[PDB]
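The file structure23.cif comes next; it holds mmCIF, N, CA and C atoms.
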```cif
data_model
#
loop_
_atom_site.label_atom_id
_atom_site.label_comp_id
_atom_site.auth_asym_id
_atom_site.auth_seq_id
_atom_site.Cartn_x
_atom_site.Cartn_y
_atom_site.Cartn_z
N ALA K 1 41.05 -32.58 116.63
CA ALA K 1 41.90 -31.40 116.35
C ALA K 1 42.76 -31.09 117.57
N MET K 2 44.00 -30.67 117.32
CA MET K 2 44.94 -30.35 118.39
C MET K 2 44.36 -29.28 119.31
N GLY K 3 44.01 -28.14 118.73
CA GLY K 3 43.43 -27.08 119.53
C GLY K 3 44.46 -26.18 120.13
N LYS K 4 44.00 -25.36 121.05
CA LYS K 4 44.82 -24.45 121.81
C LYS K 4 45.39 -25.25 122.98
N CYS K 5 45.69 -26.50 122.67
CA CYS K 5 46.14 -27.47 123.64
C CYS K 5 47.29 -28.30 123.07
N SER K 6 48.53 -27.86 123.30
CA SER K 6 49.70 -28.60 122.80
C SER K 6 49.84 -29.92 123.55
N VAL K 7 50.90 -30.68 123.26
CA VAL K 7 51.12 -31.97 123.91
C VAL K 7 51.05 -31.89 125.44
N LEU K 8 51.71 -30.91 126.02
CA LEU K 8 51.71 -30.74 127.46
C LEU K 8 50.35 -30.24 127.94
N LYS K 9 49.79 -29.25 127.26
CA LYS K 9 48.50 -28.73 127.65
C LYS K 9 47.36 -29.63 127.17
N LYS K 10 47.72 -30.79 126.62
CA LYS K 10 46.76 -31.78 126.17
C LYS K 10 46.46 -32.64 127.38
N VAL K 11 47.33 -32.49 128.36
CA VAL K 11 47.23 -33.18 129.62
C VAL K 11 46.45 -32.28 130.57
N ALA K 12 46.51 -30.99 130.24
CA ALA K 12 45.86 -29.95 131.02
C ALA K 12 44.46 -29.61 130.52
N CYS K 13 44.10 -30.02 129.31
CA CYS K 13 42.75 -29.71 128.82
C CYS K 13 41.73 -30.48 129.62
N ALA K 14 42.13 -31.65 130.10
CA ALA K 14 41.25 -32.47 130.91
C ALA K 14 40.91 -31.74 132.19
N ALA K 15 41.79 -30.83 132.60
CA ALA K 15 41.59 -30.02 133.78
C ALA K 15 40.83 -28.76 133.42
N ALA K 16 41.11 -28.25 132.22
CA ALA K 16 40.44 -27.05 131.71
C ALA K 16 38.96 -27.30 131.52
N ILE K 17 38.63 -28.38 130.82
CA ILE K 17 37.25 -28.70 130.59
C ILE K 17 36.61 -29.34 131.83
N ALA K 18 37.43 -29.93 132.68
CA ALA K 18 36.95 -30.57 133.92
C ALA K 18 35.99 -29.67 134.69
N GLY K 19 36.31 -28.38 134.76
CA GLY K 19 35.45 -27.45 135.47
C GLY K 19 34.09 -27.28 134.81
N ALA K 20 34.03 -27.60 133.52
CA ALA K 20 32.80 -27.49 132.76
C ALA K 20 31.94 -28.73 132.94
N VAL K 21 32.56 -29.90 132.94
CA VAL K 21 31.80 -31.12 133.15
C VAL K 21 31.31 -31.14 134.57
N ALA K 22 32.16 -30.67 135.46
CA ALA K 22 31.83 -30.57 136.88
C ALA K 22 30.63 -29.66 137.07
N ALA K 23 30.40 -28.78 136.09
CA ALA K 23 29.28 -27.87 136.14
C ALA K 23 27.99 -28.60 135.77
N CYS K 24 28.12 -29.71 135.03
CA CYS K 24 26.95 -30.47 134.62
C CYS K 24 26.86 -31.83 135.33
N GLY K 25 27.95 -32.60 135.30
CA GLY K 25 27.95 -33.90 135.93
C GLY K 25 28.58 -34.95 135.04
N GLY K 26 29.83 -34.72 134.66
CA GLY K 26 30.53 -35.65 133.79
C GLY K 26 30.65 -35.11 132.38
N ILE K 27 31.29 -35.87 131.49
CA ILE K 27 31.46 -35.45 130.10
C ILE K 27 30.11 -35.38 129.36
N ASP K 28 29.42 -34.28 129.56
CA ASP K 28 28.17 -34.01 128.88
C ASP K 28 28.57 -32.98 127.87
N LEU K 29 29.17 -33.44 126.78
CA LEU K 29 29.74 -32.56 125.79
C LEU K 29 28.89 -31.34 125.42
N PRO K 30 27.57 -31.45 125.14
CA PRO K 30 26.77 -30.27 124.82
C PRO K 30 26.60 -29.35 126.04
N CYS K 31 26.83 -29.91 127.22
CA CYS K 31 26.70 -29.18 128.48
C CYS K 31 27.99 -28.45 128.85
N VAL K 32 29.11 -29.18 128.89
CA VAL K 32 30.40 -28.59 129.27
C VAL K 32 30.84 -27.55 128.26
N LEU K 33 30.54 -27.77 126.98
CA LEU K 33 30.95 -26.84 125.94
C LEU K 33 30.41 -25.43 126.17
N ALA K 34 29.24 -25.32 126.79
CA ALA K 34 28.64 -24.01 127.06
C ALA K 34 29.50 -23.20 128.04
N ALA K 35 30.09 -23.89 129.00
CA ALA K 35 30.94 -23.25 130.00
C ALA K 35 32.40 -23.29 129.58
N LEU K 36 32.82 -24.43 129.05
CA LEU K 36 34.19 -24.63 128.61
C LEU K 36 34.52 -23.75 127.42
N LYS K 37 33.52 -23.27 126.71
CA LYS K 37 33.80 -22.48 125.53
C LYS K 37 34.60 -21.22 125.90
N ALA K 38 34.60 -20.86 127.19
CA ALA K 38 35.39 -19.72 127.66
C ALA K 38 36.86 -20.02 127.38
N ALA K 39 37.17 -21.31 127.38
CA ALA K 39 38.49 -21.82 127.06
C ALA K 39 38.58 -22.00 125.56
N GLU K 40 38.28 -20.93 124.82
CA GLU K 40 38.28 -20.96 123.36
C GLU K 40 39.55 -21.58 122.82
N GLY K 41 39.44 -22.84 122.43
CA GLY K 41 40.59 -23.52 121.90
C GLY K 41 40.94 -24.79 122.64
N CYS K 42 40.52 -24.97 123.89
CA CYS K 42 40.84 -26.20 124.56
C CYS K 42 39.60 -27.04 124.64
N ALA K 43 38.54 -26.48 124.07
CA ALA K 43 37.29 -27.17 123.94
C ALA K 43 37.51 -28.17 122.83
N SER K 44 38.39 -27.75 121.92
CA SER K 44 38.82 -28.55 120.80
C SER K 44 39.54 -29.80 121.31
N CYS K 45 40.09 -29.71 122.54
CA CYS K 45 40.78 -30.84 123.18
C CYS K 45 39.72 -31.79 123.71
N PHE K 46 38.68 -31.17 124.25
CA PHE K 46 37.53 -31.87 124.82
C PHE K 46 36.81 -32.67 123.73
N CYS K 47 36.36 -32.00 122.67
CA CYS K 47 35.64 -32.66 121.58
C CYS K 47 36.53 -33.49 120.66
N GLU K 48 37.83 -33.50 120.88
CA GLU K 48 38.74 -34.25 120.01
C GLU K 48 38.37 -35.74 119.97
N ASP K 49 38.34 -36.36 121.14
CA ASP K 49 38.00 -37.77 121.25
C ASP K 49 36.49 -37.98 121.18
N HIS K 50 35.74 -36.91 121.42
CA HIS K 50 34.28 -36.95 121.39
C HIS K 50 33.77 -36.44 120.06
N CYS K 51 34.52 -36.71 119.01
CA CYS K 51 34.16 -36.24 117.68
C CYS K 51 33.05 -37.08 117.04
N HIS K 52 31.80 -36.79 117.41
CA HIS K 52 30.64 -37.49 116.88
C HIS K 52 29.39 -36.62 116.97
N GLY K 53 28.22 -37.28 117.05
CA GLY K 53 26.91 -36.61 117.13
C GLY K 53 26.96 -35.18 117.57
N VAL K 54 27.13 -34.97 118.86
CA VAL K 54 27.24 -33.70 119.37
C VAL K 54 28.74 -33.48 119.55
N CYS K 55 29.19 -32.66 118.72
CA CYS K 55 30.58 -32.29 118.54
C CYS K 55 30.53 -31.59 117.23
N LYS K 56 29.62 -32.14 116.43
CA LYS K 56 29.26 -31.57 115.16
C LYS K 56 28.23 -30.50 115.50
N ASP K 57 27.46 -30.81 116.56
CA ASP K 57 26.46 -29.91 117.09
C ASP K 57 27.16 -28.93 118.02
N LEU K 58 28.17 -29.45 118.70
CA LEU K 58 29.00 -28.70 119.60
C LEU K 58 29.72 -27.60 118.80
N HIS K 59 30.02 -27.95 117.54
CA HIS K 59 30.65 -27.07 116.55
C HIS K 59 32.16 -26.98 116.73
N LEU K 60 32.80 -28.14 116.85
CA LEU K 60 34.25 -28.18 117.01
C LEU K 60 34.89 -28.97 115.87
N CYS K 61 34.56 -30.25 115.77
CA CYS K 61 35.12 -31.09 114.72
C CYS K 61 34.10 -31.32 113.61
#
```

Starting from the file, lay out its structure as C-alpha cells.
Amino acid sequence: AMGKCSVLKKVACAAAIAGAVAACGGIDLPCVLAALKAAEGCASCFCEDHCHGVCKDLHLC
C-alpha cells in the first residue's frame, strides 16, 4: 500500500521507520511497527515490501 508516503516520501519512509528498526536492530517488522506506528501511515511504507507473515500480524497489508 502507498500509505502516508508519496513517491518522494517513499524515499523518506526508509528514514521514518529507520528510527524504529534502529530501536530493535534492523527490519524487525513486529518490533519497529510498535515504535514506527507513531508514524501512522508511513508504517504502510515499511510493511509494503514486507507484506507477509507478520504484516498481517503487524496489521497493515

* Structure fact -> Using only N, CA and C atoms, the shortest atom-to-atom distance to residue K:39 among K:17, K:1, K:7, K:61 belongs to K:17

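Our summary of the geometry notes that atom N of residue K:9 is positioned 12.1 Å from atom CA of residue K:41.
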
* Residues in the PyMOL selection byres ((chain K and resi 45-52) around 7), expressed as a PyMOL selection string -> chain K and resi 1-5+10+13-14+17+41-44+53-57+60-61

Which residues fall under the PyMOL selection byres ((chain K and resi 30-33) around 6) in this file, as a tab-separated table (two decimals) with N, CA and C atoms, in the frame of the given file?
```tsv
chain	number	residue	atom	x	y	z
K	20	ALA	N	34.03	-27.60	133.52
K	20	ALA	CA	32.80	-27.49	132.76
K	20	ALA	C	31.94	-28.73	132.94
K	21	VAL	N	32.56	-29.90	132.94
K	21	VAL	CA	31.80	-31.12	133.15
K	21	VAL	C	31.31	-31.14	134.57
K	28	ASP	N	29.42	-34.28	129.56
K	28	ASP	CA	28.17	-34.01	128.88
K	28	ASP	C	28.57	-32.98	127.87
K	29	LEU	N	29.17	-33.44	126.78
K	29	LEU	CA	29.74	-32.56	125.79
K	29	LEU	C	28.89	-31.34	125.42
K	34	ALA	N	29.24	-25.32	126.79
K	34	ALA	CA	28.64	-24.01	127.06
K	34	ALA	C	29.50	-23.20	128.04
K	35	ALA	N	30.09	-23.89	129.00
K	35	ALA	CA	30.94	-23.25	130.00
K	35	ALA	C	32.40	-23.29	129.58
K	36	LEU	N	32.82	-24.43	129.05
K	36	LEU	CA	34.19	-24.63	128.61
K	36	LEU	C	34.52	-23.75	127.42
K	37	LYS	N	33.52	-23.27	126.71
K	37	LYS	CA	33.80	-22.48	125.53
K	37	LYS	C	34.60	-21.22	125.90
K	58	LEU	N	28.17	-29.45	118.70
K	58	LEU	CA	29.00	-28.70	119.60
K	58	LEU	C	29.72	-27.60	118.80
```

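Atom pair atom N of residue K:40 / atom N of residue K:25 has a distance of 18.8 Å (rounded to one decimal).
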
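Atom to atom, atom C of residue K:16 and atom CA of residue K:59 stand 17.1 Å apart.
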